[PDB]
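Ideal geometry is used to build each Cβ from the backbone, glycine not excepted, and the neighbour counts take in all protein chains shown. What follows is calculated from the coordinates using simple rules that are stated; it is not laboratory data.
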Amino acid sequence: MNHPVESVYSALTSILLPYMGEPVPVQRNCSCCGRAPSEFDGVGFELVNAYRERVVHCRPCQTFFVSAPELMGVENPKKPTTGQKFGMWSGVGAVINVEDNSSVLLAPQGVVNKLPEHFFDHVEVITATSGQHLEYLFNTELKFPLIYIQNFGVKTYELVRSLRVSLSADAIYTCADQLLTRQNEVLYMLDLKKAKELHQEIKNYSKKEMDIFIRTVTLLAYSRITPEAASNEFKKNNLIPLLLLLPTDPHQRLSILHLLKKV
Amino acid sequence: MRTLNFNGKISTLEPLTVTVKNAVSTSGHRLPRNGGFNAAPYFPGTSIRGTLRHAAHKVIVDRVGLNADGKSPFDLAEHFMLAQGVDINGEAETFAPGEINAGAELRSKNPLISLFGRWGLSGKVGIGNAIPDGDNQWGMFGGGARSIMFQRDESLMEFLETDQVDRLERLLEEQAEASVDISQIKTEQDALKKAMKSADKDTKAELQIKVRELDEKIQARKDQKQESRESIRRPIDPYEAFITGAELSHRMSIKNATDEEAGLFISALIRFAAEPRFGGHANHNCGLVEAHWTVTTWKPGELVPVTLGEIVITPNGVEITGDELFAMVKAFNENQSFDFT
Amino acid sequence: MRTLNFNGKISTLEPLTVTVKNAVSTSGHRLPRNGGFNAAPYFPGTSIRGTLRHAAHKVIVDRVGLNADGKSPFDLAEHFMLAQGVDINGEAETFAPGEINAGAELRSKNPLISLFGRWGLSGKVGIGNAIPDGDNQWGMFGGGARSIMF
Amino acid sequence: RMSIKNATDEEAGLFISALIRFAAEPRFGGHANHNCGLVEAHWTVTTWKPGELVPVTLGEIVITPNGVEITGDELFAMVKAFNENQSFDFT
Amino acid sequence: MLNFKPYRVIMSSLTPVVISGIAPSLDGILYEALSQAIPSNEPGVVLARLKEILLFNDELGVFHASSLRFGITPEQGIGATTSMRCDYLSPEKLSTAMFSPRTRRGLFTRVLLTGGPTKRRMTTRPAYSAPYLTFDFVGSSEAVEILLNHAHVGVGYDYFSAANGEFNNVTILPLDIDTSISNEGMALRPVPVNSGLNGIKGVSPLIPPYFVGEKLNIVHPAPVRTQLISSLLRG
DNA sequence: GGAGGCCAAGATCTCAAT
Ligand SMILES: [Zn+2]
């Protein structure tokens, strides 16, 4: 119910509800999401993965493992009858508007080509590679709260446990197939508001000065130049006002720079 | 129930090296560093922990022995539980997250899992890094250069027949031609790279596109080669390592060590001494070390260390000093309740 | 199945030199150093390993036999595999990771490739560097000058 | 220092035979035009059974310009095991 | 319960530090050190002893022990590194001398290493590399010196297994003002939200061990804070 | 005849360098 996967299901992956089949009464947790059975109403899907494991899935988690070739195309011609799955879509992202219950797929050109005509009536698809996600997030007037899936990936279980709802532009949680522990949550948070502020204030400086700033912050973040040398460079090119906008965290600095260089 | 702190040194009889993904750049191979290229390196405690966990696993395998048919009594699931700590079939006990002192029965029956934990059970053995003492105790060892065995020793040509000599000549010619062609492609790629920074934002894409296409042209050129896909003559890249005779400070601990778990750890260190090497590049006999640890504990009721003994590992043997350590080893050897399955 | 450790010394009868690509500079020819520019030199374990590997290769070549013409049964590929440890035809029995007892049969049948190994097969032999015992046991040799003989 | 990890009798015998053949031309390195590289070496062979506290010396290999000296019955046993095993396929 | 004076501890960082969302606090390190010294894991006992060497603020329910603050020199500043942990399945581990694999046609079924339950785990975490690590506290300098020097504790996450946050050269120098909880109205450690202190909001326990107990709404400083080592030594 | 096991296939691309 009140789980991030339900929001993804309703907004995006309820399209293949007709092909799911009927559930079975189950007595164990959903290994995919781990939530208690009390939010399943006792029904779930029994599945065997290629590793020969008996995993129980709720309805929202099952949509990542459902093959509907007539709806989602086919990903590998060697296996004609197995369609593209949300649980196997490497390189495909999605921005999900929870309140409006609408979703926006960010698929690359190859995946878009593989998609049949019937797909586009149900899901709005944007042609954008993995590197072009940042452009879409930057330019689009985002509606919050939203779930932004950066990469559906192949490791569904870790994607499902890592789904988080972004309440504001301060903290957009980029969700991928990598497990979101508290030790690596700095890599999967994007300070869009501060990046946009820095981009707005980066326009006052020259292109050469901007490149110097980006290279100096990147080298300093990787312990490649001494702080004294970086400070001398910043003073020389008058980049001190820019430096005060960056977070002290080097990983946040690198995320913000990666966003600036893409937009 | 006491904490056993192992403080000591590790002296490298041979260069000591380790390959870590984030420390090995494309510019060269480097040891792990806590900072830039001017920082002093260290030998990861993860590598030492893995080596000692394998030694403890070998101790357990030797102790348990082999079945009547001669096959090891551990299946794949138990093997990965003892070795990597993962449970592959989902049959492991899942303790409640609230408590800390969990798995008391499992810790009592399986000393290896108690020392080195599994997923869901914290391990009592902490193994720290090997921090160097000096300031110039690392250097770029290895290196060398692969040669052609027939261009170096002419007596080897007498063994080859005429067809094989012709094949060798074709191989050398192909190697030279491919070297020249690939050098030209790399030159063009580098020319693209130099103007890449000066390139405009729109041009940032297709320059990378041509670099990519140049890369697969190199791959296709090497695929066109028939006698050999790889040039036999090539410079070998050196690896960074700690020099011979480097002194590295090492700290190890066992938290709440029973006599049996500490005995298993001492036995692992004893068995580790038969082949006492960390790290890789064993082809150059790298990694061989000698270490001496001062086993100490905490005085009950106050913050005062108490020395229990000392473990010295040398090429000439293992010296265990201290009656307490022998008591731990004997307690491990005499226990008849352990079940590692 | 035992571990044998060869601990000993190498005594020098004639000057011992080696040209390592990363050790020599434009300033001059230098021996590889035991870490740093001012440390004691050493003789690389790579050179000793290569010399002993080729010696073992010739042991194998002599043991297999030479025909009346003095030719060995091994083609070019076998010679390269046994001495250089490189395969040219691409027929080396690549062991996918996860194989249980990966080199068992190859090691049992080919003691040379078991000792010294190849890519994908760890060699059992590790031959370390040679470290001098004292100081100032190295110096600049060679020298001289070519001259018009007339 | 040299070592063979988990060496059978046959592989140790091959290594010892390599050392014996190396003694005929005990040359390391380059600049052989000045006869650089001649060496004489002696190695003490020891084995260490895991689980025990001390190693045991098997013998000694001495390479000198006057000959090759190998001591200890274990090294001779290794060489004989290599020279008398006919199940080796090197191709 | 003793004559507790405010101290600042500065240690040299030897290994990159992995921060579990909330910056490590010195009371956590001292709790681990005392859990090793006292051969007991009971939180009640360790906390009862920890209060003898760290001042406990009853009003807020937190120890006078500041969180981590990286000390940067002009030679080296706060850097970005990853903590790499991998499964090394050596030929010894994949051998029949250790386990008996399942057999088909006499051949041994290979371990599927690219994925599954038996995959090589390439677990990587963000880490921070700075020359110095600095904590502020009010307590017995002798006991904290002994615990930091002799116990098996690091600064950060999972020092026991990975040896992240290894440190040495622990230097303790007395302070003039207690800067362990508050400084100019900004919280320097996880404090209750009702304390009136400013900082990043979050959910965490107030006393160690921080992985055990009900998680209240707290206010904590930024996880990665840096201060110049010259300004730290000023005292 | 599942049932074990292998092997090939699936999107596009990652700048830090004494
Ligand atoms: Zn679920």
Out of everything in the stretch A:1-60 that is surrounded by fewer than 17 Cβ atoms within 10 Å (Cβ to Cβ) and among the polar types (S, T, N, Q), what residue ends up being farthest from residue A:97 (Cα to Cα)? A:27
State yes or no: is residue B:212 in contact (Cβ under 8 Å) with a residue 60 or more places away in the chain and assigned to a helix (DSSP H, G or I)? no
Are any residues in the stretch C:53-74 assigned to a loop (DSSP other than H, G, I, E, B) and more than 23 Å from residue B:227 (Cα to Cα), and if so, which ones? C:65, C:66, C:67, C:68, C:69, C:70
May I ask you to verify whether residue B:96 is away from chain C (no Cβ under 14 Å) and either crowded, with 19+ Cβ neighbours inside 10 Å or in contact with a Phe, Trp or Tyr (Cβ under 8 Å, 6 or more places away or on another chain) (or both)? no
Go through the stretch B:215-262 and report how many residues are closer than 30 Å to residue B:181 by Cα, of a type outside the set (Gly, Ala, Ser) and part of a helix (DSSP H, G or I). 9
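On the basis of being surrounded by fewer than 20 Cβ atoms within 10 Å (Cβ to Cβ) and over 29 Å from residue B:138 (Cα atoms), does residue C:111 make the cut? Let's see the steps before the verdict.
Working: surrounded by fewer than 20 Cβ atoms within 10 Å (Cβ to Cβ): no; over 29 Å from residue B:138 (Cα atoms): yes.
Criteria not met by residue C:111.
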Every residue from the stretch A:89-108 that is within 16 Å of DNA strand F (Cβ to nearest atom) and either in contact with a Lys or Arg (Cβ under 8 Å, 6 or more places away or on another chain) or away from every other protein chain (no Cβ under 14 Å) (or both): A:89, A:91, A:92, A:93, A:94, A:105, A:106, A:107, A:108
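If you go through the stretch A:14-37 one residue at a time, do you hit one that is within 16 Å of DNA strand F (Cβ to nearest atom) and at positive phi? Steps first, please.
As a first pass, look at the stretch A:14-37 and keep what is within 16 Å of DNA strand F (Cβ to nearest atom): none.
The answer is no, given that none of the residues of the stretch A:14-37 is within 16 Å of DNA strand F (Cβ to nearest atom) and at positive phi.
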So which helices (runs of 4 or more DSSP H) are wholly in the stretch B:75-167 and hold at least 1 residues that are hydroxyl-bearing (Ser, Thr, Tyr)? B:104-109, B:111-115
So if I check each of B:274, B:268, which one is crowded, with 18+ Cβ neighbours inside 10 Å, part of a loop (DSSP other than H, G, I, E, B) and of a type outside the set (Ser, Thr, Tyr)? B:274
Touching a strand residue (DSSP E or B) at 6+ places or on another chain (Cβ under 6 Å), within 19 Å of residue B:228 (Cβ to Cβ), touching a residue at least 12 places away in the same chain (Cβ under 8 Å) and within 14 Å of chain C (Cβ to nearest Cβ): is that true of residue B:178 in this structure? no
For residues in the stretch C:41-76 being crowded, with 20+ Cβ neighbours inside 10 Å and small (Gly, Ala, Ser), which is farthest from the chain's Cα centre (by Cα)? C:72
Using beta carbons and a limit of 8 Å, which pairs, at least six apart or on different chains, have the first residue in the stretch B:59-80 and within 10 Å of chain E (Cβ to nearest Cβ) and the second one crowded, with 17+ Cβ neighbours inside 10 Å and among the acidic types (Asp, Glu)? B:77/B:87; B:80/B:87
Is it fair to say residue A:206 is without any contact (Cβ under 8 Å) to a residue 12 or more places away in the chain, farther than 21 Å from residue E:17 by Cβ and of a type in the set (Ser, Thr, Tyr)? yes
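Matching residues to (1) touching a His at 6+ places or on another chain (Cβ under 7 Å); (2) of a type in the set (A, V, I, L, M, F, W, C); (3) within 16 Å of DNA strand F (Cβ to nearest atom):
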{"residue": "E:114", "(1), (2), (3)": "no, no, yes"}
{"residue": "E:119", "(1), (2), (3)": "no, no, yes"}
{"residue": "E:148", "(1), (2), (3)": "no, yes, no"}
{"residue": "E:176", "(1), (2), (3)": "no, no, no"}
{"residue": "E:193", "(1), (2), (3)": "no, yes, no"}
State all residues of the stretch A:92-117 that are touching a helix residue (DSSP H, G or I) at 6+ places or on another chain (Cβ under 6 Å) and loosely packed, with under 15 Cβ neighbours inside 10 Å; if no residue qualifies, say none. A:101
Report, ordered by the first and then the second residue, all pairs with beta carbons closer than 7 Å, sequence separation of six or more or different chains, a first member in the stretch E:68-92 that is more than 7 Å from chain A (Cβ to nearest Cβ) and over 30 Å from residue C:102 (Cα atoms), and a second member that is of a type in the set (A, V, I, L, M) and part of a loop (DSSP other than H, G, I, E, B). E:68/E:23; E:68/E:155; E:70/E:78; E:70/E:130; E:70/E:224; E:71/E:130; E:83/E:18
Can you pull out every residue in the stretch C:42-53 that is within 11 Å of chain B (Cβ to nearest Cβ) and not charged (D, E, K, R)? C:42, C:44, C:45, C:46, C:47, C:48, C:50, C:51
Of those in the stretch E:71-99 that are hydroxyl-bearing (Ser, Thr, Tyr) and buried (at least 21 other Cβ atoms within 10 Å of the Cβ), the residue nearest to the chain's Cα centre (by Cα) is E:83
Filter the stretch A:241-263 down to the residues that are assigned to a loop (DSSP other than H, G, I, E, B) and more than 16 Å from residue A:192 (Cβ to Cβ), then identify the one that is nearest to DNA strand F (Cβ to nearest atom). A:248
Sole residue being under 30 Å from residue E:229 (Cα atoms), without any contact (Cβ under 8 Å) to a residue 12 or more places away in the chain and either within 11 Å of DNA strand F (Cβ to nearest atom) or not in a helix (DSSP H, G or I) (or both), chosen from A:231, A:223: A:223
Which listed residue is over 17 Å from residue A:160 (Cβ atoms) and of a type in the set (D, E, K, R), from A:53, A:6, A:22: A:22
Which members of the stretch C:6-31 meet the condition of being surrounded by 19 or more Cβ atoms within 10 Å (Cβ to Cβ) and at the interface with chain B (Cβ under 7 Å from one of its Cβ atoms)? C:20
Out of all the residues in the stretch B:203-257, which are within 30 Å of residue E:34 (Cβ to Cβ) and either exposed (fewer than 14 other Cβ atoms within 10 Å of the Cβ) or within 11 Å of another protein chain (Cβ to nearest Cβ) (or both)? B:249, B:250, B:251, B:252, B:253, B:254, B:255, B:256, B:257
Look at the stretch C:117-131 and say how many of its residues are surrounded by 16 or more Cβ atoms within 10 Å (Cβ to Cβ) and farther than 13 Å from residue E:91 by Cα. 9
Does residue A:120 count as more than 13 Å from DNA strand F (Cβ to nearest atom) and without any contact (Cβ under 8 Å) to a residue 24 or more places away in the chain? yes
